[PDB]
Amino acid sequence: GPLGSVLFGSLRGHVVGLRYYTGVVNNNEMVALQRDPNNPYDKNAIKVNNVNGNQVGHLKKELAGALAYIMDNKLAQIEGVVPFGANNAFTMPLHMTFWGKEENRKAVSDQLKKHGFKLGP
């Protein structure tokens, strides 16, 4: 994880919107999360891009509705890997790891819990 950061934990979620983008992913490959704040459908949007810099999709809206605050306030840095399903039609799984400063670790977990998510090992 990033130099000087604590592992907060992990979450399994999904990339969606795959039919609308040309970015490809390989199984077991890293992806990049990027805030998408001017998306005209959802101000909390977070896009998922592949390592080369091509959009793959979006985080599911409910997860983005929890994570936008975390990204905007820089409470965690989030890493993503697609474990399998890279050629799925509609949705693919995403393993996310959350990293940051100890002083923000409970704030991140509390934000997630407010939206029905929880970190695990």
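When you see a residue number, it is the position in the sequence shown, counting from 1.
Out of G57, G65, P40, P83, it is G65 whose C-alpha atom has the highest B-factor in the PDB entry. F98: CA B factor lies in the lowest third for its chain, per the PDB record.
For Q34, the recorded CA temperature factor ranks within the lowest third of the chain's modelled residues. Sort the modelled residues of the chain by CA B factor and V51 lands in the highest third. In the PDB entry, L11 places in the middle third of its chain by CA B-factor.
When all modelled residues of the chain are sorted by CA temperature factor, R105 is found within the lowest third.
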